[PDB]
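Take a look at the structure below.
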Amino acid sequence: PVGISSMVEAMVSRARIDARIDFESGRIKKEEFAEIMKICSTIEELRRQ
Amino acid sequence: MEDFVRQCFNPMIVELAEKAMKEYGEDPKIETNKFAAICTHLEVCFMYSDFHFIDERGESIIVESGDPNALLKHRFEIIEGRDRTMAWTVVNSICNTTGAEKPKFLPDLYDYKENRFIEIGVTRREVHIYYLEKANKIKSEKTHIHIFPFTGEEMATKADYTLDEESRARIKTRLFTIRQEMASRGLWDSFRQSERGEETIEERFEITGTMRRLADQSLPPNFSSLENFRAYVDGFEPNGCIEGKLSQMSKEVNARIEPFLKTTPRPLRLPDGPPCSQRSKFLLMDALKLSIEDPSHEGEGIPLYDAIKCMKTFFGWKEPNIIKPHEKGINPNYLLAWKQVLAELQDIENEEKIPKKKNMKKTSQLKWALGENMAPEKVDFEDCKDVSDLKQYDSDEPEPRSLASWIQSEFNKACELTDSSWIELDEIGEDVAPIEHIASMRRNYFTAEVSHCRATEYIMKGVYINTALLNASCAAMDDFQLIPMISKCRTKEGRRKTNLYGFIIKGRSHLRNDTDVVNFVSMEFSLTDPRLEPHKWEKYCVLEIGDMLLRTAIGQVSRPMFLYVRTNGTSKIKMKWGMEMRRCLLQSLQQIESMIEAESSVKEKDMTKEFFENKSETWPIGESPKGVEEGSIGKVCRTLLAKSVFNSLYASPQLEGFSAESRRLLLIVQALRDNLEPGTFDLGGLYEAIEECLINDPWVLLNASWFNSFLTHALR
Amino acid sequence: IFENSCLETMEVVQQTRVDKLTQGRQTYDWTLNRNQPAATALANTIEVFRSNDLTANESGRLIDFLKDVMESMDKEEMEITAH
Amino acid sequence: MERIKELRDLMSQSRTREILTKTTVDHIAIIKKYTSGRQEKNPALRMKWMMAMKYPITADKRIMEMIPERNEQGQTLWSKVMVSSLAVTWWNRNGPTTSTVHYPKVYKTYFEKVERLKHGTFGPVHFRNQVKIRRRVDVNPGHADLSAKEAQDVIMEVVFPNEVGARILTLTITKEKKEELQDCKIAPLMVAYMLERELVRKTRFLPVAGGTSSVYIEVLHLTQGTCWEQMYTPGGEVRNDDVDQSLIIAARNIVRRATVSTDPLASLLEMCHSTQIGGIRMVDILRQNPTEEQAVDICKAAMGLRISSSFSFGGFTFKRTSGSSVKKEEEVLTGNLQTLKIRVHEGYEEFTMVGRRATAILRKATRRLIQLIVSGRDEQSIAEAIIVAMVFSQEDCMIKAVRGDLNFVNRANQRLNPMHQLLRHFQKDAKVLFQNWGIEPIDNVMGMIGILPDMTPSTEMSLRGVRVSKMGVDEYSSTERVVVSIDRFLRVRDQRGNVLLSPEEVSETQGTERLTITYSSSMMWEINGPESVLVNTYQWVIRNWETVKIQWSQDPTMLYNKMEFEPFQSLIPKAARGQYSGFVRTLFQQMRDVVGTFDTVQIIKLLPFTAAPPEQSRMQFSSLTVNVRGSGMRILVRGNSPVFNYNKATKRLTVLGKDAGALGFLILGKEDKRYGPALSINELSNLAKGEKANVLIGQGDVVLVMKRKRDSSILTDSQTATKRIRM
Amino acid sequence: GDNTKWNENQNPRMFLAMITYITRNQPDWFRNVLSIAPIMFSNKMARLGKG
């Protein structure tokens, strides 16, 4: 692979785009989506320290 | 980096890098990071300059194509792409024309619309630190600073990004793609160099204390510090001290060539003393089969209950009569173990269920036979202090076991043919014209000439015994098990026949590692009386076990049956060398196939079928009556097979050493036979190494007598 | 011709990361004072270096691992964690 | 949520948070190689034991609704996810039959070999002590000769478009692959792996016994042996043995043409930047194709690429094996009373020369030749090799063998250095040297026979130092990549001032194109068809018509004097030329006078005739003539003509049937929450009228993106630098 | 021929010397890096292990 950014800065963004794409036209429940994104924000708040 | 740099850039920037490096003589071959940084800076300035003109009014515009149609002012004057003094001249000219105070530091571009000094910086580190460093170095003057990293960020002064967005974004994009390209090639080496402000340094690898202290201590005994050593090696005199060193060295230190004539080779010496016993893991010829002709379809034919019928097929099991003891030790434990074997063989149907394997009881006689109870104290030395019998283990080197005459007879009987097939050589696809037909008529003829060989039976025997032993040692990890010495074959009429050679009792199999030793006891049937040649069976104890029928042209003879028993050890690797003993076939075929090519290399039509198909072709293989005995092909084929077989099963390091030292002498003798006047260096030393690799292995000793008689019959 | 060989060697020392330390036979780890596989000794060494400030190997280039080795020889006390 | 919870509970332990923070994506390959590496416990024995045991297989849980627990005979093959082997064979017989049998479109790399064996007619096995030829050949057959990186980028695009690399430049292989297997995905990772196996080149060094292509190599184990060989013709051909030939011929003819140019270097550079080969630019092919040949090596050197340190001479490529070189200029007398100063190499040297049809080894002291061991195919090949060898001997023995004056010049009538002069003099006739060389008696050892001046093998006598080898001399393609310094005259001096490559050993038998190639830079069309010259001239006019639009207005004399018409001017007859020039120029003047009443189509129709020096002769014209391949064709001046036919509504210009003309994104900075949330690489709705978007790149970060307005070409904008620099 | 007990005779300092001469007038840190292994072998300890 080819990339400078940290592991988390790539994985979190990829997960958010994935949730977006398989929610909008894909198949996922909005509550599962909201929990996914809250967990992602928890990851972000943990990686900031 | 360098080759990639020449890949992803124009040659004009290459020449500019040449000129800018010649300004200080900066050799590109070293400052490769500086090479990349300078080419980067130049192309950055260029793509900042392209398509930037100033309209007639007080503003600047862009163009799609390149042409000076009454418009030439580039809105920006390039500074870096020119020589040192000429660039300073241009800077002075434009400063005096515009009245702007020149800065002492050399810029890279000049603005016309804003009339400001823009200098560009490309680095790897955080852009904030680079901007602050340039500001702390260049301050108090109106000089616009613009820094571009490889990541694509952008930092100007007072949010005055002195351009449109897109024309600059193409520059950021080029930077990012260049970064990706150097990353895919793994050329991020320039990361730690631009982390200095000074963007040219390479990886400094100093040698400080605790390391240099050994380096200056690492020099030959005429120097003090390794820096003086490096200077002394760099400035060196290839003057030719070699001639003087030769003139100083003694004339005795020399490789005085000693000749090798056909009267020099002396026959090898041989050990003298006790006759060679047998350490073979299992029996070669003396063991007897239990012919059943039972086609059980081999539905994973259970090896124990395929053996109970072998036992059911014999009558005349006399009282166990001890004949030949171990010559030292409590022997009755062997026959007690044997009767216990029979008991557990008859105590099965009473446990309400047939067990697929019978775990022998932890019996005291058998515990002694396996030495499980035979264990010393595991005591730390700090406790057993000042002990009377605390002397070391003996660990004595073995005694030279002299040669006996039986190993040659066993080898002779090993090469003979039988009435069973012993092989399932798997099928092969259709054979095409050129070689596949030739490969066939080689391999199939060799098969049919060695298929029914007794050495095949030996190989399969080792295979099955060691296979069952390991496959149980995995699952019998805590308790004793019984090991049937099973072989298989096919009748001359073509019916799957199962043979049984004996029984083996396994000790504990707590096998954590591969060299872990496991003791085992072997009891093999025979019709060969130990009372004939006693010294052969030093490790064996024999039991007169009964009488069997032996049919002849006139009735039966009723010869006695004997049971040979020994104790030995093995391990996991010891077994797997033996589960793959079929290799001895390939080694045979190829060391046949080699001769099919080398000696037939000199022919337009290779001598392959004429190797076979001509019985008039004879091979000297024997000399019993003081005369060379010639034989046919298949005898030689099975002979080489048996050679690799015995070498595999009797594998001993003395054989390895002897083979190594015999290759040399044989090659020299073969050269002399061709009359190519060879010589030696230390003939007595070679004999010394040979005698040093000859102690007790009977297979080695038979090879040695073979070699000596060969040199005597080598017409030398 | 030695300088040509040295140029190929410089190219190597420029691109070579730490991975080429793993493709090989058994090694010796002093952390347990015994022969162990490659990645075992490498990971234990990296983690005991991270136990202290010596962390240049995080760049990934093997030469930085060598600088870490040198600085390790430069330090007097080296706390060995046991597990 | 299926995936992230492992990351979270992994971020729970701090010693894992640290590593997930510090190490970056560029380093993931350096970290996946951190494994215990102990479960290598005799895979044979563990496999056998696990096969004895029931249920060694791990399936998914979805077998319940696909296969049963009890087979057709009540056999147990499940657990409670483990599965025994028999389930495979049962499913192998009767299950969901599928028409995915279209498989042989991703595995074509194998079925190509299968088909090669199908009609792969054989031959007899003539056993012989086969000699190993130390050659270097490719391993993959029929892969269009593509490098690893430029192929794996296309791979990554076709298999994982939502994470493509940052290479976005705007080869239809992308379209063909995305179309033929769009929804018929098979096994992603295996698909990409096997495509990398199919397309990526790899070429290395092997001893062969006559096998040229890759197809003769994948069947090497059938052909080659210890003392045997089997001729086997797979009945086919690949690209890697006949794609590079077209570039070879094109660069050879380009060098053949560049000599007459004033500065051959610049004309060659413009040619190489413009010329297209197989739809791919020649410059990239030179940067990526590892073919070694004088023309190709020189074209690569013009772009500063490393090549082998060769003393190429006599059509033979040389390699430094041992020994040093010293200048030692020296005087020489000819056989016709002529003095010549020549560079007699001092010191000892030992070389191995490789040729087109032969090879040889040589040892050389100061004007001394020793141990010349040659091996070739034809009598003519060994003749040429021995000739160039004796030329290189520099002994006075060959000095005596000079007959006649020495005047051999370039195709531009340019004096060649003496070595090449001697070579070209002897190449046609050199029989006189052997009779005056000296003979020595040999011993017929090691299958090395002698050769006589009458080109006849002999047993016990030969030339001094000569040896005739059997079935080829040991080649060695040494790997060196050294810089060079080419001059303005297409001469090659790497570092020592030694003449390496020169356009005197470049030509052989006629060139026969396999790949369709197209030149577009400079004249370079006197070789291509005359119709090609017409259509190329008009197409070039249409191409750069934008600049002619005003370059025809101001300083039109220079535009008329554009030397790109010089090939076109030699086609129109040399008689009525200046009259045509004057007529067309006064017609353009009339159009300039009565503005507005002028048609652009007729302007293009009548422009390219201006290159002549006009002669204001008192007559006009309505028809113009061109001599092509003997026959003369006409073009009118109003409306369409058989050559100039411009359709009214089509707006495409036609010239002799042939059609002729008609009349990614960027990074803005890091992620900023202004322009919404992140996106994947799919803009079917976003490519409306120029949007702004933040998007993940590859496996990296979020980058901003705007549209483009410029084109970012490789054209003379880089050369425009030489007008702002060195002004 | 062969060279009996060859491997036990090669002194690391001779390797240091040949490496240094190979690095004639080469950059300093390069000489420093390729000189590590022979210097480490100049003071090297042999482990016994168990006994």
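Chain labels A, B, ... are given in the sequence in which chains occur in the structure tokens; within each chain residues are numbered consecutively from 1, and ligands are likewise numbered from 1 in the order shown.
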
For chain C against chain B, which residues fall within 7 Å using only C-alpha atoms, given as a VMD selection string? chain C and resid 14 to 15 73 to 74

Residues of chain D within 12 Å of chain C, counting only C-alpha atoms - could you list those as an MDAnalysis selection string? chainID D and resid 15:16 18:40 309 320:324 479:483

Taking C-alpha atoms for each residue, export the selection above as an mmCIF file, in the first residue's frame.
```
data_model
loop_
_atom_site.group_PDB
_atom_site.id
_atom_site.type_symbol
_atom_site.label_atom_id
_atom_site.label_comp_id
_atom_site.auth_asym_id
_atom_site.auth_seq_id
_atom_site.Cartn_x
_atom_site.Cartn_y
_atom_site.Cartn_z
ATOM 1 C CA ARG D 15 0.353 -1.005 24.084
ATOM 2 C CA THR D 16 -1.873 -1.540 21.015
ATOM 3 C CA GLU D 18 0.475 3.222 20.566
ATOM 4 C CA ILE D 19 1.245 0.977 17.582
ATOM 5 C CA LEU D 20 -2.064 1.748 15.877
ATOM 6 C CA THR D 21 -1.173 5.441 16.212
ATOM 7 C CA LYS D 22 2.528 5.586 15.302
ATOM 8 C CA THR D 23 3.056 3.256 12.331
ATOM 9 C CA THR D 24 1.666 4.647 9.080
ATOM 10 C CA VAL D 25 0.140 3.046 5.976
ATOM 11 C CA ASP D 26 3.393 3.183 3.977
ATOM 12 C CA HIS D 27 4.775 0.787 6.618
ATOM 13 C CA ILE D 28 2.020 -1.840 6.712
ATOM 14 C CA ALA D 29 4.078 -4.186 4.537
ATOM 15 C CA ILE D 30 6.904 -3.843 7.068
ATOM 16 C CA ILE D 31 4.637 -4.983 9.923
ATOM 17 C CA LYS D 32 2.653 -7.916 8.490
ATOM 18 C CA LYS D 33 5.974 -9.823 8.504
ATOM 19 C CA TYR D 34 5.922 -10.018 12.341
ATOM 20 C CA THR D 35 4.755 -13.594 12.953
ATOM 21 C CA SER D 36 5.698 -16.259 15.492
ATOM 22 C CA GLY D 37 6.795 -18.540 12.656
ATOM 23 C CA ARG D 38 6.830 -21.824 14.564
ATOM 24 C CA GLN D 39 3.896 -23.778 13.066
ATOM 25 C CA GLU D 40 6.077 -25.451 10.437
ATOM 26 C CA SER D 309 29.517 0.047 -20.595
ATOM 27 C CA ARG D 320 34.630 -5.143 -20.114
ATOM 28 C CA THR D 321 35.842 -8.446 -18.634
ATOM 29 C CA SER D 322 39.330 -7.559 -17.382
ATOM 30 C CA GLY D 323 42.188 -5.193 -18.048
ATOM 31 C CA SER D 324 42.907 -1.464 -18.177
ATOM 32 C CA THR D 479 24.525 -5.935 -15.581
ATOM 33 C CA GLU D 480 25.804 -2.358 -15.575
ATOM 34 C CA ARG D 481 23.844 0.891 -15.434
ATOM 35 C CA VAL D 482 26.266 3.792 -15.942
ATOM 36 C CA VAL D 483 25.696 7.385 -17.006
#
```

Using only C-alpha atoms and a cut-off of 7 Å, which residues of chain D sit close to chain B? Please list them as a PDB file with C-alpha atoms, in the first residue's frame.
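Heads up, here's the output in selection_34.pdb:
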```pdb
ATOM      1  CA  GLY D 123      10.222 -33.871 -33.714  1.00  0.00           C
ATOM      2  CA  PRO D 124      12.980 -36.446 -33.229  1.00  0.00           C
ATOM      3  CA  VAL D 125      15.351 -36.634 -30.250  1.00  0.00           C
ATOM      4  CA  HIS D 126      18.841 -36.176 -31.674  1.00  0.00           C
ATOM      5  CA  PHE D 127      20.933 -36.775 -28.554  1.00  0.00           C
ATOM      6  CA  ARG D 128      24.068 -34.653 -28.204  1.00  0.00           C
ATOM      7  CA  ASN D 129      26.396 -33.197 -25.580  1.00  0.00           C
ATOM      8  CA  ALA D 166      -3.348   8.640  -6.915  1.00  0.00           C
ATOM      9  CA  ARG D 167      -2.389   8.114 -10.580  1.00  0.00           C
ATOM     10  CA  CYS D 227      22.878 -34.986 -23.346  1.00  0.00           C
ATOM     11  CA  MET D 303      17.051  11.015 -22.376  1.00  0.00           C
ATOM     12  CA  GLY D 304      19.880  10.322 -19.910  1.00  0.00           C
ATOM     13  CA  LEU D 666      -6.464  18.132  -8.449  1.00  0.00           C
ATOM     14  CA  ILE D 667      -5.678  18.448  -4.734  1.00  0.00           C
ATOM     15  CA  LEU D 668      -6.780  21.599  -2.909  1.00  0.00           C
ATOM     16  CA  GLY D 669      -5.474  20.730   0.559  1.00  0.00           C
ATOM     17  CA  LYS D 670      -6.447  18.622   3.534  1.00  0.00           C
ATOM     18  CA  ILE D 725      16.774  30.635 -19.189  1.00  0.00           C
TER      19      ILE D 725
END
```

For chain E, which residues have at least one atom within 8 Å of chain C, if we go by only C-alpha atoms? Write them as a PyMOL selection string, please. chain E and resi 22-23+49

Using N, CA, C and O atoms, can you write the selected residues to a file as a PDB file, in the first residue's frame?
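Full text of selection-v2.pdb as output:
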```pdb
ATOM      1  N   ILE E  22      37.895  -1.145   0.175  1.00  0.00           N
ATOM      2  CA  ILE E  22      36.772  -1.089  -0.761  1.00  0.00           C
ATOM      3  C   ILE E  22      36.081   0.268  -0.677  1.00  0.00           C
ATOM      4  O   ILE E  22      35.551   0.772  -1.676  1.00  0.00           O
ATOM      5  N   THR E  23      36.107   0.895   0.500  1.00  0.00           N
ATOM      6  CA  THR E  23      35.508   2.208   0.730  1.00  0.00           C
ATOM      7  C   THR E  23      36.551   3.311   0.608  1.00  0.00           C
ATOM      8  O   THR E  23      36.576   4.256   1.403  1.00  0.00           O
ATOM      9  N   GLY E  49      25.481 -22.648  26.456  1.00  0.00           N
ATOM     10  CA  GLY E  49      24.082 -22.965  26.633  1.00  0.00           C
ATOM     11  C   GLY E  49      23.835 -23.798  27.871  1.00  0.00           C
ATOM     12  O   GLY E  49      23.986 -23.319  28.998  1.00  0.00           O
TER      13      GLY E  49
END
```

Surrounding residues of residue 578 of chain D excluding itself and chain neighbours under 2 positions, 6 Å, only C-alpha atoms, as a PyMOL selection string: chain D and resi 580-581+612-615

Mind dumping the selected residues with C-alpha atoms as a short mmCIF file (atom, residue, chain, number, x, y, z; two decimals), in the first residue's frame?
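This went into out19.cif:
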```cif
data_model
loop_
_atom_site.label_atom_id
_atom_site.label_comp_id
_atom_site.auth_asym_id
_atom_site.auth_seq_id
_atom_site.Cartn_x
_atom_site.Cartn_y
_atom_site.Cartn_z
CA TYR D 580 1.65 28.41 -57.30
CA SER D 581 3.29 30.15 -54.34
CA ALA D 612 7.89 27.76 -52.35
CA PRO D 613 9.81 30.97 -53.02
CA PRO D 614 7.18 32.80 -55.07
CA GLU D 615 7.64 34.08 -58.60
#
```
